[PDB]
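J.: Supplied structure: upload02.cif, mmCIF, C-alpha atoms; chains and numbers go by the auth columns.
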data_run
#
loop_
_atom_site.group_PDB
_atom_site.id
_atom_site.type_symbol
_atom_site.label_atom_id
_atom_site.label_comp_id
_atom_site.label_asym_id
_atom_site.label_seq_id
_atom_site.Cartn_x
_atom_site.Cartn_y
_atom_site.Cartn_z
_atom_site.B_iso_or_equiv
_atom_site.auth_seq_id
_atom_site.auth_asym_id
ATOM 1 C CA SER A 1 -23.507 -83.312 -13.528 0.00 2 A
ATOM 2 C CA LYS A 2 -25.673 -82.324 -10.554 0.00 3 A
ATOM 3 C CA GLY A 3 -25.938 -82.897 -6.795 0.00 4 A
ATOM 4 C CA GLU A 4 -23.201 -84.237 -4.490 0.00 5 A
ATOM 5 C CA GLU A 5 -20.876 -84.024 -7.492 0.00 6 A
ATOM 6 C CA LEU A 6 -20.661 -80.265 -8.105 0.00 7 A
ATOM 7 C CA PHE A 7 -18.603 -79.808 -4.904 0.00 8 A
ATOM 8 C CA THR A 8 -15.780 -82.302 -5.501 0.00 9 A
ATOM 9 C CA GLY A 9 -13.496 -79.450 -6.563 0.00 10 A
ATOM 10 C CA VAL A 10 -13.030 -75.816 -5.716 0.00 11 A
ATOM 11 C CA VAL A 11 -16.220 -73.878 -6.457 0.00 12 A
ATOM 12 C CA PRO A 12 -16.349 -70.074 -6.840 0.00 13 A
ATOM 13 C CA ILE A 13 -18.743 -68.279 -4.509 0.00 14 A
ATOM 14 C CA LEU A 14 -20.541 -64.949 -4.755 0.00 15 A
ATOM 15 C CA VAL A 15 -22.417 -63.117 -2.015 0.00 16 A
ATOM 16 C CA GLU A 16 -24.679 -60.100 -2.374 0.00 17 A
ATOM 17 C CA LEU A 17 -26.355 -58.512 0.623 0.00 18 A
ATOM 18 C CA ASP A 18 -28.575 -55.432 0.648 0.00 19 A
ATOM 19 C CA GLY A 19 -29.275 -54.301 4.173 0.00 20 A
ATOM 20 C CA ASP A 20 -31.301 -51.981 6.372 0.00 21 A
ATOM 21 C CA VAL A 21 -30.436 -51.851 10.073 0.00 22 A
ATOM 22 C CA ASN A 22 -32.433 -49.299 12.070 0.00 23 A
ATOM 23 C CA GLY A 23 -32.939 -47.286 8.876 0.00 24 A
ATOM 24 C CA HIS A 24 -29.212 -47.351 8.021 0.00 25 A
ATOM 25 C CA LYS A 25 -29.066 -48.800 4.498 0.00 26 A
ATOM 26 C CA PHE A 26 -25.976 -50.548 3.105 0.00 27 A
ATOM 27 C CA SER A 27 -24.771 -53.170 0.631 0.00 28 A
ATOM 28 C CA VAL A 28 -21.921 -55.687 0.925 0.00 29 A
ATOM 29 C CA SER A 29 -20.267 -57.717 -1.828 0.00 30 A
ATOM 30 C CA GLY A 30 -18.223 -60.846 -1.249 0.00 31 A
ATOM 31 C CA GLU A 31 -16.278 -63.278 -3.387 0.00 32 A
ATOM 32 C CA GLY A 32 -13.888 -66.178 -2.999 0.00 33 A
ATOM 33 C CA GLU A 33 -14.085 -69.948 -3.284 0.00 34 A
ATOM 34 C CA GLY A 34 -14.960 -73.170 -1.485 0.00 35 A
ATOM 35 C CA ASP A 35 -13.723 -76.777 -1.423 0.00 36 A
ATOM 36 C CA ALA A 36 -16.275 -79.032 0.296 0.00 37 A
ATOM 37 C CA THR A 37 -13.850 -82.003 0.192 0.00 38 A
ATOM 38 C CA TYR A 38 -11.818 -80.294 2.943 0.00 39 A
ATOM 39 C CA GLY A 39 -14.645 -78.299 4.515 0.00 40 A
ATOM 40 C CA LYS A 40 -13.034 -74.990 3.629 0.00 41 A
ATOM 41 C CA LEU A 41 -14.362 -71.579 2.661 0.00 42 A
ATOM 42 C CA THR A 42 -12.347 -68.456 1.894 0.00 43 A
ATOM 43 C CA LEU A 43 -14.204 -65.211 1.415 0.00 44 A
ATOM 44 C CA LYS A 44 -13.530 -61.497 1.395 0.00 45 A
ATOM 45 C CA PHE A 45 -16.392 -59.084 1.972 0.00 46 A
ATOM 46 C CA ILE A 46 -16.257 -55.360 1.232 0.00 47 A
ATOM 47 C CA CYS A 47 -18.862 -52.839 2.276 0.00 48 A
ATOM 48 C CA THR A 48 -19.402 -51.007 -1.016 0.00 49 A
ATOM 49 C CA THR A 49 -21.741 -48.332 0.412 0.00 50 A
ATOM 50 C CA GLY A 50 -19.396 -46.671 2.942 0.00 51 A
ATOM 51 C CA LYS A 51 -19.081 -47.463 6.619 0.00 52 A
ATOM 52 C CA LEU A 52 -20.792 -50.659 7.703 0.00 53 A
ATOM 53 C CA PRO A 53 -23.388 -49.638 10.325 0.00 54 A
ATOM 54 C CA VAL A 54 -23.068 -52.941 12.211 0.00 55 A
ATOM 55 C CA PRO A 55 -20.001 -54.928 13.312 0.00 56 A
ATOM 56 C CA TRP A 56 -18.507 -57.387 10.832 0.00 57 A
ATOM 57 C CA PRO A 57 -18.733 -60.333 13.298 0.00 58 A
ATOM 58 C CA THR A 58 -22.493 -59.924 13.424 0.00 59 A
ATOM 59 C CA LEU A 59 -22.605 -60.802 9.708 0.00 60 A
ATOM 60 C CA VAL A 60 -20.215 -63.800 9.679 0.00 61 A
ATOM 61 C CA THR A 61 -23.069 -66.258 10.242 0.00 62 A
ATOM 62 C CA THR A 62 -25.091 -64.520 7.515 0.00 63 A
ATOM 63 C CA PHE A 63 -22.270 -64.752 4.946 0.00 64 A
ATOM 64 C CA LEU A 64 -22.655 -71.679 2.774 0.00 68 A
ATOM 65 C CA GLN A 65 -23.379 -74.897 4.595 0.00 69 A
ATOM 66 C CA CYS A 66 -23.279 -76.870 1.330 0.00 70 A
ATOM 67 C CA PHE A 67 -19.473 -76.834 1.729 0.00 71 A
ATOM 68 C CA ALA A 68 -19.578 -78.852 4.957 0.00 72 A
ATOM 69 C CA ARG A 69 -17.503 -81.996 4.889 0.00 73 A
ATOM 70 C CA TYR A 70 -19.836 -84.920 5.429 0.00 74 A
ATOM 71 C CA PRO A 71 -18.110 -88.250 6.210 0.00 75 A
ATOM 72 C CA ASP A 72 -18.969 -91.166 3.911 0.00 76 A
ATOM 73 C CA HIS A 73 -21.207 -92.622 6.561 0.00 77 A
ATOM 74 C CA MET A 74 -22.923 -89.222 6.826 0.00 78 A
ATOM 75 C CA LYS A 75 -22.874 -88.546 3.096 0.00 79 A
ATOM 76 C CA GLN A 76 -26.490 -89.595 2.740 0.00 80 A
ATOM 77 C CA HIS A 77 -27.434 -86.836 5.235 0.00 81 A
ATOM 78 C CA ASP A 78 -26.062 -83.800 3.331 0.00 82 A
ATOM 79 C CA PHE A 79 -29.237 -81.888 2.487 0.00 83 A
ATOM 80 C CA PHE A 80 -27.450 -78.823 1.122 0.00 84 A
ATOM 81 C CA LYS A 81 -25.568 -80.565 -1.688 0.00 85 A
ATOM 82 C CA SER A 82 -28.501 -82.880 -2.392 0.00 86 A
ATOM 83 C CA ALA A 83 -30.603 -79.806 -3.270 0.00 87 A
ATOM 84 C CA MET A 84 -28.093 -78.442 -5.769 0.00 88 A
ATOM 85 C CA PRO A 85 -28.066 -77.107 -8.445 0.00 89 A
ATOM 86 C CA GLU A 86 -31.725 -76.016 -8.085 0.00 90 A
ATOM 87 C CA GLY A 87 -30.735 -74.587 -4.700 0.00 91 A
ATOM 88 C CA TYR A 88 -32.546 -73.662 -1.508 0.00 92 A
ATOM 89 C CA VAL A 89 -34.123 -70.681 0.252 0.00 93 A
ATOM 90 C CA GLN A 90 -32.517 -69.701 3.579 0.00 94 A
ATOM 91 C CA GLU A 91 -34.458 -67.734 6.220 0.00 95 A
ATOM 92 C CA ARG A 92 -33.333 -66.689 9.680 0.00 96 A
ATOM 93 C CA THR A 93 -34.311 -64.640 12.643 0.00 97 A
ATOM 94 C CA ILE A 94 -31.300 -63.693 14.767 0.00 98 A
ATOM 95 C CA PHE A 95 -32.221 -62.389 18.228 0.00 99 A
ATOM 96 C CA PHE A 96 -29.490 -60.280 19.828 0.00 100 A
ATOM 97 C CA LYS A 97 -30.084 -60.584 23.589 0.00 101 A
ATOM 98 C CA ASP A 98 -31.240 -57.254 25.061 0.00 102 A
ATOM 99 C CA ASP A 99 -30.997 -55.650 21.617 0.00 103 A
ATOM 100 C CA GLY A 100 -32.587 -55.683 18.184 0.00 104 A
ATOM 101 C CA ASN A 101 -33.133 -58.591 15.835 0.00 105 A
ATOM 102 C CA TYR A 102 -32.044 -59.632 12.353 0.00 106 A
ATOM 103 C CA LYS A 103 -34.258 -61.267 9.756 0.00 107 A
ATOM 104 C CA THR A 104 -32.578 -62.710 6.660 0.00 108 A
ATOM 105 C CA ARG A 105 -33.745 -64.397 3.466 0.00 109 A
ATOM 106 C CA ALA A 106 -31.176 -65.867 1.100 0.00 110 A
ATOM 107 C CA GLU A 107 -31.094 -67.733 -2.188 0.00 111 A
ATOM 108 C CA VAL A 108 -28.359 -70.313 -2.765 0.00 112 A
ATOM 109 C CA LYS A 109 -28.196 -71.725 -6.289 0.00 113 A
ATOM 110 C CA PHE A 110 -25.802 -72.506 -9.120 0.00 114 A
ATOM 111 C CA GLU A 111 -25.544 -69.725 -11.714 0.00 115 A
ATOM 112 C CA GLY A 112 -23.409 -71.295 -14.402 0.00 116 A
ATOM 113 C CA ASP A 113 -20.358 -72.773 -12.717 0.00 117 A
ATOM 114 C CA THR A 114 -20.491 -70.342 -9.769 0.00 118 A
ATOM 115 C CA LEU A 115 -22.529 -70.852 -6.608 0.00 119 A
ATOM 116 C CA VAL A 116 -24.294 -67.577 -5.719 0.00 120 A
ATOM 117 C CA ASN A 117 -25.810 -66.618 -2.339 0.00 121 A
ATOM 118 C CA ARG A 118 -28.094 -63.559 -2.613 0.00 122 A
ATOM 119 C CA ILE A 119 -29.278 -62.265 0.772 0.00 123 A
ATOM 120 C CA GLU A 120 -31.697 -59.614 2.024 0.00 124 A
ATOM 121 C CA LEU A 121 -31.369 -58.507 5.676 0.00 125 A
ATOM 122 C CA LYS A 122 -33.545 -56.180 7.774 0.00 126 A
ATOM 123 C CA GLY A 123 -32.849 -55.333 11.429 0.00 127 A
ATOM 124 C CA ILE A 124 -35.068 -53.458 13.898 0.00 128 A
ATOM 125 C CA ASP A 125 -35.333 -52.274 17.528 0.00 129 A
ATOM 126 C CA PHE A 126 -31.573 -51.924 18.002 0.00 130 A
ATOM 127 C CA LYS A 127 -30.217 -49.527 20.615 0.00 131 A
ATOM 128 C CA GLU A 128 -28.449 -46.462 19.220 0.00 132 A
ATOM 129 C CA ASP A 129 -25.447 -47.159 21.509 0.00 133 A
ATOM 130 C CA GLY A 130 -25.781 -50.895 22.101 0.00 134 A
ATOM 131 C CA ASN A 131 -23.144 -53.533 21.452 0.00 135 A
ATOM 132 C CA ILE A 132 -24.003 -53.596 17.741 0.00 136 A
ATOM 133 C CA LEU A 133 -24.469 -49.970 16.692 0.00 137 A
ATOM 134 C CA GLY A 134 -21.848 -48.834 19.224 0.00 138 A
ATOM 135 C CA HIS A 135 -19.197 -51.168 17.782 0.00 139 A
ATOM 136 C CA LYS A 136 -18.197 -52.673 21.132 0.00 140 A
ATOM 137 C CA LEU A 137 -17.688 -56.271 19.911 0.00 141 A
ATOM 138 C CA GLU A 138 -14.235 -57.801 19.677 0.00 142 A
ATOM 139 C CA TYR A 139 -13.118 -58.586 16.105 0.00 143 A
ATOM 140 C CA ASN A 140 -12.766 -62.346 16.553 0.00 144 A
ATOM 141 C CA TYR A 141 -14.865 -65.455 16.576 0.00 145 A
ATOM 142 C CA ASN A 142 -15.312 -68.491 18.798 0.00 146 A
ATOM 143 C CA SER A 143 -15.980 -72.134 18.039 0.00 147 A
ATOM 144 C CA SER A 144 -19.657 -73.014 17.661 0.00 148 A
ATOM 145 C CA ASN A 145 -21.881 -76.027 16.999 0.00 149 A
ATOM 146 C CA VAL A 146 -24.761 -75.826 14.502 0.00 150 A
ATOM 147 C CA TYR A 147 -27.603 -78.287 15.153 0.00 151 A
ATOM 148 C CA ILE A 148 -29.628 -79.672 12.241 0.00 152 A
ATOM 149 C CA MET A 149 -32.840 -81.660 12.252 0.00 153 A
ATOM 150 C CA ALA A 150 -35.462 -82.506 9.632 0.00 154 A
ATOM 151 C CA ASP A 151 -38.570 -80.358 9.152 0.00 155 A
ATOM 152 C CA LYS A 152 -40.728 -82.653 6.987 0.00 156 A
ATOM 153 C CA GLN A 153 -43.754 -80.336 7.414 0.00 157 A
ATOM 154 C CA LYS A 154 -42.001 -77.912 5.037 0.00 158 A
ATOM 155 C CA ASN A 155 -40.034 -80.500 2.999 0.00 159 A
ATOM 156 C CA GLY A 156 -36.933 -78.884 4.483 0.00 160 A
ATOM 157 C CA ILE A 157 -34.900 -78.770 7.702 0.00 161 A
ATOM 158 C CA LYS A 158 -34.993 -76.682 10.856 0.00 162 A
ATOM 159 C CA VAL A 159 -31.750 -75.350 12.320 0.00 163 A
ATOM 160 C CA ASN A 160 -30.926 -73.345 15.447 0.00 164 A
ATOM 161 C CA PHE A 161 -27.743 -72.419 17.327 0.00 165 A
ATOM 162 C CA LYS A 162 -26.308 -69.718 19.591 0.00 166 A
ATOM 163 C CA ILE A 163 -23.281 -67.553 18.714 0.00 167 A
ATOM 164 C CA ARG A 164 -21.274 -65.716 21.399 0.00 168 A
ATOM 165 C CA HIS A 165 -19.714 -62.441 20.251 0.00 169 A
ATOM 166 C CA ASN A 166 -16.986 -61.257 22.624 0.00 170 A
ATOM 167 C CA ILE A 167 -17.326 -57.688 23.930 0.00 171 A
ATOM 168 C CA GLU A 168 -14.304 -55.446 24.482 0.00 172 A
ATOM 169 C CA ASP A 169 -14.768 -55.619 28.299 0.00 173 A
ATOM 170 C CA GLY A 170 -14.754 -59.362 28.571 0.00 174 A
ATOM 171 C CA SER A 171 -18.556 -59.778 28.677 0.00 175 A
ATOM 172 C CA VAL A 172 -20.516 -61.563 25.897 0.00 176 A
ATOM 173 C CA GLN A 173 -23.239 -60.433 23.438 0.00 177 A
ATOM 174 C CA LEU A 174 -25.443 -63.463 22.702 0.00 178 A
ATOM 175 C CA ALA A 175 -27.138 -63.997 19.332 0.00 179 A
ATOM 176 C CA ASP A 176 -29.888 -66.636 19.180 0.00 180 A
ATOM 177 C CA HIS A 177 -30.132 -67.904 15.597 0.00 181 A
ATOM 178 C CA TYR A 178 -33.203 -69.692 14.257 0.00 182 A
ATOM 179 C CA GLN A 179 -33.127 -70.833 10.646 0.00 183 A
ATOM 180 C CA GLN A 180 -35.040 -73.074 8.286 0.00 184 A
ATOM 181 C CA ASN A 181 -34.260 -74.209 4.760 0.00 185 A
ATOM 182 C CA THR A 182 -36.574 -75.505 2.043 0.00 186 A
ATOM 183 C CA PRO A 183 -35.466 -76.305 -1.513 0.00 187 A
ATOM 184 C CA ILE A 184 -35.824 -73.703 -4.217 0.00 188 A
ATOM 185 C CA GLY A 185 -36.768 -76.210 -6.869 0.00 189 A
ATOM 186 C CA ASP A 186 -39.802 -78.515 -6.875 0.00 190 A
ATOM 187 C CA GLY A 187 -38.563 -82.025 -6.190 0.00 191 A
ATOM 188 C CA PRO A 188 -37.097 -84.725 -3.947 0.00 192 A
ATOM 189 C CA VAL A 189 -34.352 -83.925 -1.423 0.00 193 A
ATOM 190 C CA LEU A 190 -32.391 -85.601 1.397 0.00 194 A
ATOM 191 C CA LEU A 191 -33.799 -85.080 4.924 0.00 195 A
ATOM 192 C CA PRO A 192 -31.136 -85.701 7.599 0.00 196 A
ATOM 193 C CA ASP A 193 -31.062 -87.516 10.886 0.00 197 A
ATOM 194 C CA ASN A 194 -30.468 -85.245 13.841 0.00 198 A
ATOM 195 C CA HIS A 195 -26.846 -84.127 13.717 0.00 199 A
ATOM 196 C CA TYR A 196 -24.676 -81.014 13.817 0.00 200 A
ATOM 197 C CA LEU A 197 -21.950 -79.176 11.910 0.00 201 A
ATOM 198 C CA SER A 198 -18.755 -78.267 13.745 0.00 202 A
ATOM 199 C CA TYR A 199 -17.635 -74.737 12.789 0.00 203 A
ATOM 200 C CA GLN A 200 -14.276 -73.052 13.161 0.00 204 A
ATOM 201 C CA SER A 201 -13.699 -69.644 11.596 0.00 205 A
ATOM 202 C CA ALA A 202 -11.120 -66.899 11.259 0.00 206 A
ATOM 203 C CA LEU A 203 -11.493 -63.217 10.385 0.00 207 A
ATOM 204 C CA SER A 204 -8.728 -60.982 9.099 0.00 208 A
ATOM 205 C CA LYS A 205 -8.112 -57.864 7.039 0.00 209 A
ATOM 206 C CA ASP A 206 -6.428 -57.269 3.688 0.00 210 A
ATOM 207 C CA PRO A 207 -3.626 -54.778 4.423 0.00 211 A
ATOM 208 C CA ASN A 208 -3.844 -53.420 0.862 0.00 212 A
ATOM 209 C CA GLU A 209 -7.636 -52.841 0.843 0.00 213 A
ATOM 210 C CA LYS A 210 -8.578 -49.208 1.492 0.00 214 A
ATOM 211 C CA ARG A 211 -12.302 -49.858 2.007 0.00 215 A
ATOM 212 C CA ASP A 212 -13.984 -51.339 5.064 0.00 216 A
ATOM 213 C CA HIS A 213 -13.867 -55.084 4.530 0.00 217 A
ATOM 214 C CA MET A 214 -13.583 -58.561 6.067 0.00 218 A
ATOM 215 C CA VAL A 215 -11.552 -61.593 4.964 0.00 219 A
ATOM 216 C CA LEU A 216 -13.012 -64.871 6.234 0.00 220 A
ATOM 217 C CA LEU A 217 -11.775 -68.480 6.356 0.00 221 A
ATOM 218 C CA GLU A 218 -14.048 -71.273 7.583 0.00 222 A
ATOM 219 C CA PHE A 219 -13.618 -74.968 8.354 0.00 223 A
ATOM 220 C CA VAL A 220 -16.798 -77.028 8.457 0.00 224 A
ATOM 221 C CA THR A 221 -17.254 -80.680 9.338 0.00 225 A
ATOM 222 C CA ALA A 222 -20.463 -82.597 9.828 0.00 226 A
ATOM 223 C CA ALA A 223 -20.686 -84.754 12.935 0.00 227 A
ATOM 224 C CA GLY A 224 -23.105 -86.275 15.390 0.00 228 A
ATOM 225 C CA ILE A 225 -23.823 -89.522 13.530 0.00 229 A
ATOM 226 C CA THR A 226 -21.790 -92.615 14.335 0.00 230 A
#
Do you think you could lay out the structure here as structure tokens?
T.:
Amino acid sequence: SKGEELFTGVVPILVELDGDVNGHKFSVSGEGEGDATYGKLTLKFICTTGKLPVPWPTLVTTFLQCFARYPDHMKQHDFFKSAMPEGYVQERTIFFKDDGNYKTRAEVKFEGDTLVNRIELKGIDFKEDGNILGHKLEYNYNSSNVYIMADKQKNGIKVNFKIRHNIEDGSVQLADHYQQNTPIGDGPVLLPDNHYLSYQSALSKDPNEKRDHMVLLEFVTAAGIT
């Protein structure tokens, strides 16, 4: 079985990120599970290399759009599942307004019965005491919309959206995200009509975990096509 069928149940997820932000190197491991039928992800991330040198909320968007719930009438527009199990490559630049930038490359594919997202992230030109390195961002998340359109020129899609990280003084740190996805395997794939994914998310902590970590729950629904 392969394609829009592998996500009918709960699917285990793995995340591996090796990072370098302004020369500060770190690694994060995550695990949990997803159920695309309900548009639900549940993940816990632990920084295995010590103190995370950037705020957890700045990595939420980095840490599985294949688990979006697409309505039946939108089900023929779900690129992410249509590319599975071969998977896709995910690339981003994330521009933090008046601060540094992130660049990410990720691989999403089925390894056995587990979906695995392996990510590399490098960040540069961040201020030593900016909102990111100075840990001035509130630990919370707002509701966002993620806009998707086809990029036929690359046999993939182009995606962009803008996240708004709340700062402890009531101001906002903006993060302009630009992303494109192309399949990892060589083959057909579904290219969508213009549409968006509606995101809601929640961050918490595990009271019994001694290490720096993040527990994350996401709800994802496709919309924008009538």
J.: Between A:123, A:112, A:11, A:137, which one has atoms that come closest to residue 56 (chain A), using all atoms listed in the file?
T.: A:137
J.: Measuring atom to atom with only C-alpha atoms, identify which of A:33, A:104, A:40, A:10 is nearest to residue 135 (chain A).
T.: A:104
J.: Taking the file above as input, evaluate the PyMOL selection byres ((chain A and resi 38) around 8) and report the hits as a compact mmCIF listing (two decimals) with C-alpha atoms, in the frame of the given file.
T.:
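Everything below was put into out_30.txt:
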# COMPACT_ATOMS: atom_id res chain seq x y z
CA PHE A 8 -18.60 -79.81 -4.90
CA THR A 9 -15.78 -82.30 -5.50
CA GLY A 10 -13.50 -79.45 -6.56
CA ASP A 36 -13.72 -76.78 -1.42
CA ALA A 37 -16.27 -79.03 0.30
CA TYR A 39 -11.82 -80.29 2.94
CA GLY A 40 -14.64 -78.30 4.51
CA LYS A 41 -13.03 -74.99 3.63
CA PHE A 71 -19.47 -76.83 1.73
CA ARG A 73 -17.50 -82.00 4.89
J.: I need every residue sitting at most 10 Å from the point (-21.6, -78.7, 13.5) (coordinates as in the file, only C-alpha atoms considered), written as a count of residues only.
T.: 20
J.: Kindly resolve the PyMOL selection byres ((chain A and resi 84) around 10) on the present coordinates and return the residues as a list in words.
T.: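 On the file shown, the PyMOL selection byres ((chain A and resi 84) around 10) covers residues 4, 5, 68, 69, 70, 71, 72, 81, 82, 83, 85, 86, 87, 88, 89, 91, 92, 112, 161, 185, 186, 187, 193, 194 and 195 of chain A.
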J.: From the options A:166, A:44, A:111, A:131, which residue's atoms come nearest to residue 223 (chain A), counting all atoms listed in the file?
T.: A:44
J.: Of the candidates A:96, A:181, A:139, A:126, which shows the shortest atom-to-atom distance to residue 25 (chain A), using only C-alpha atoms?
T.: A:126
J.: List the residues selected by the PyMOL selection byres ((chain A and resi 21) around 9) in the file shown, writing them as a ChimeraX atom specification.
T.: /A:19-20,22-28,124-128
J.: How close does each residue of region 31-124 of chain A get to region 210-220 of chain A, giving the shortest atom pair and distance in Å to one decimal for every residue with an atom at most 9 Å away, counting all atoms listed in the file, sorted by chain and residue number, as a tab-separated table?
T.:
residue	atom	partner	partner_atom	distance
A:31	CA	A:218	CA	9.0
A:42	CA	A:220	CA	7.7
A:43	CA	A:220	CA	5.7
A:44	CA	A:220	CA	5.0
A:45	CA	A:219	CA	4.1
A:46	CA	A:218	CA	5.0
A:47	CA	A:217	CA	4.1
A:48	CA	A:216	CA	5.8
A:49	CA	A:215	CA	7.8
A:51	CA	A:216	CA	7.5
A:52	CA	A:216	CA	6.6
A:53	CA	A:216	CA	7.3
A:57	CA	A:218	CA	7.0
A:61	CA	A:220	CA	8.1
J.: Have a look at CA of residue 7 (chain A) and CA of residue 182 (chain A) and let me know their distance in Å, one decimal.
T.: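 Distance between the two atoms: 27.7 Å.
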J.: Could you work out how far CA of residue 153 (chain A) lies from CA of residue 230 (chain A), giving the answer in Å with one decimal?
T.: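 If I compute the distance from CA of residue 230 (chain A) to CA of residue 153 (chain A), I get 15.7 Å.
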J.: Here is a test: counting only C-alpha atoms, which residue of A:154, A:55, A:229, A:119 is nearest to residue 35 (chain A)?
T.: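 Going through A:154, A:55, A:229, A:119 one by one, the smallest distance to residue 35 (chain A) is for A:119.
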J.: Could you tell me how far CA of residue 177 (chain A) sits from CA of residue 145 (chain A), in Å to one decimal place?
T.: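 Between CA of residue 145 (chain A) and CA of residue 177 (chain A) the gap works out to 11.9 Å.
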J.: Which of these residues is nearest to residue 209 (chain A), using all atoms listed in the file: A:144, A:94, A:163, A:170?
T.: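 Closest candidate: A:144.
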J.: Missing atoms in region 116-136 of chain A need filling: write out N, CA and C atoms for it as a PDB file, keeping the file's coordinate frame.
T.:
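Saved to out.pdb:
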ATOM      1  N   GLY A 116     -24.565 -70.801 -13.667  1.00  0.00           N
ATOM      2  CA  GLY A 116     -23.409 -71.295 -14.402  1.00  0.00           C
ATOM      3  C   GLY A 116     -22.577 -72.159 -13.480  1.00  0.00           C
ATOM      4  N   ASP A 117     -21.264 -71.932 -13.480  1.00  0.00           N
ATOM      5  CA  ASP A 117     -20.358 -72.773 -12.717  1.00  0.00           C
ATOM      6  C   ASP A 117     -20.031 -72.151 -11.367  1.00  0.00           C
ATOM      7  N   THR A 118     -20.698 -71.055 -11.020  1.00  0.00           N
ATOM      8  CA  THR A 118     -20.491 -70.342  -9.769  1.00  0.00           C
ATOM      9  C   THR A 118     -21.708 -70.522  -8.871  1.00  0.00           C
ATOM     10  N   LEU A 119     -21.474 -70.865  -7.609  1.00  0.00           N
ATOM     11  CA  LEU A 119     -22.529 -70.852  -6.608  1.00  0.00           C
ATOM     12  C   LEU A 119     -22.736 -69.425  -6.107  1.00  0.00           C
ATOM     13  N   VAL A 120     -23.989 -68.960  -6.081  1.00  0.00           N
ATOM     14  CA  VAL A 120     -24.294 -67.577  -5.719  1.00  0.00           C
ATOM     15  C   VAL A 120     -25.312 -67.553  -4.587  1.00  0.00           C
ATOM     16  N   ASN A 121     -24.957 -66.858  -3.503  1.00  0.00           N
ATOM     17  CA  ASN A 121     -25.810 -66.618  -2.339  1.00  0.00           C
ATOM     18  C   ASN A 121     -26.277 -65.162  -2.319  1.00  0.00           C
ATOM     19  N   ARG A 122     -27.548 -64.914  -2.624  1.00  0.00           N
ATOM     20  CA  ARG A 122     -28.094 -63.559  -2.613  1.00  0.00           C
ATOM     21  C   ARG A 122     -28.991 -63.394  -1.391  1.00  0.00           C
ATOM     22  N   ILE A 123     -28.679 -62.402  -0.552  1.00  0.00           N
ATOM     23  CA  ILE A 123     -29.278 -62.265   0.772  1.00  0.00           C
ATOM     24  C   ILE A 123     -29.906 -60.884   0.904  1.00  0.00           C
ATOM     25  N   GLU A 124     -31.089 -60.837   1.514  1.00  0.00           N
ATOM     26  CA  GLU A 124     -31.697 -59.614   2.024  1.00  0.00           C
ATOM     27  C   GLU A 124     -31.745 -59.666   3.550  1.00  0.00           C
ATOM     28  N   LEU A 125     -31.375 -58.565   4.213  1.00  0.00           N
ATOM     29  CA  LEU A 125     -31.369 -58.507   5.676  1.00  0.00           C
ATOM     30  C   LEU A 125     -32.010 -57.215   6.169  1.00  0.00           C
ATOM     31  N   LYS A 126     -32.965 -57.333   7.094  1.00  0.00           N
ATOM     32  CA  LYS A 126     -33.545 -56.180   7.774  1.00  0.00           C
ATOM     33  C   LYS A 126     -33.456 -56.354   9.287  1.00  0.00           C
ATOM     34  N   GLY A 127     -32.980 -55.321   9.973  1.00  0.00           N
ATOM     35  CA  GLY A 127     -32.849 -55.333  11.429  1.00  0.00           C
ATOM     36  C   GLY A 127     -33.603 -54.182  12.067  1.00  0.00           C
ATOM     37  N   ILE A 128     -34.226 -54.446  13.227  1.00  0.00           N
ATOM     38  CA  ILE A 128     -35.068 -53.458  13.898  1.00  0.00           C
ATOM     39  C   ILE A 128     -34.883 -53.514  15.411  1.00  0.00           C
ATOM     40  N   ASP A 129     -35.307 -52.425  16.067  1.00  0.00           N
ATOM     41  CA  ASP A 129     -35.333 -52.274  17.528  1.00  0.00           C
ATOM     42  C   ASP A 129     -33.950 -52.400  18.160  1.00  0.00           C
ATOM     43  N   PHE A 130     -32.911 -51.996  17.436  1.00  0.00           N
ATOM     44  CA  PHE A 130     -31.573 -51.924  18.002  1.00  0.00           C
ATOM     45  C   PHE A 130     -31.343 -50.616  18.749  1.00  0.00           C
ATOM     46  N   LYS A 131     -30.575 -50.698  19.830  1.00  0.00           N
ATOM     47  CA  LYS A 131     -30.217 -49.527  20.615  1.00  0.00           C
ATOM     48  C   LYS A 131     -29.156 -48.700  19.900  1.00  0.00           C
ATOM     49  N   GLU A 132     -29.344 -47.379  19.921  1.00  0.00           N
ATOM     50  CA  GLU A 132     -28.449 -46.462  19.220  1.00  0.00           C
ATOM     51  C   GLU A 132     -26.998 -46.630  19.668  1.00  0.00           C
ATOM     52  N   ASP A 133     -26.777 -46.922  20.950  1.00  0.00           N
ATOM     53  CA  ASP A 133     -25.447 -47.159  21.509  1.00  0.00           C
ATOM     54  C   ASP A 133     -25.366 -48.506  22.214  1.00  0.00           C
ATOM     55  N   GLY A 134     -25.952 -49.541  21.618  1.00  0.00           N
ATOM     56  CA  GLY A 134     -25.781 -50.895  22.101  1.00  0.00           C
ATOM     57  C   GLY A 134     -24.493 -51.523  21.594  1.00  0.00           C
ATOM     58  N   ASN A 135     -24.357 -52.827  21.854  1.00  0.00           N
ATOM     59  CA  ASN A 135     -23.144 -53.533  21.452  1.00  0.00           C
ATOM     60  C   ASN A 135     -22.965 -53.547  19.941  1.00  0.00           C
ATOM     61  N   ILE A 136     -24.056 -53.462  19.190  1.00  0.00           N
ATOM     62  CA  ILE A 136     -24.003 -53.596  17.741  1.00  0.00           C
ATOM     63  C   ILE A 136     -23.724 -52.233  17.124  1.00  0.00           C
TER      64      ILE A 136
END
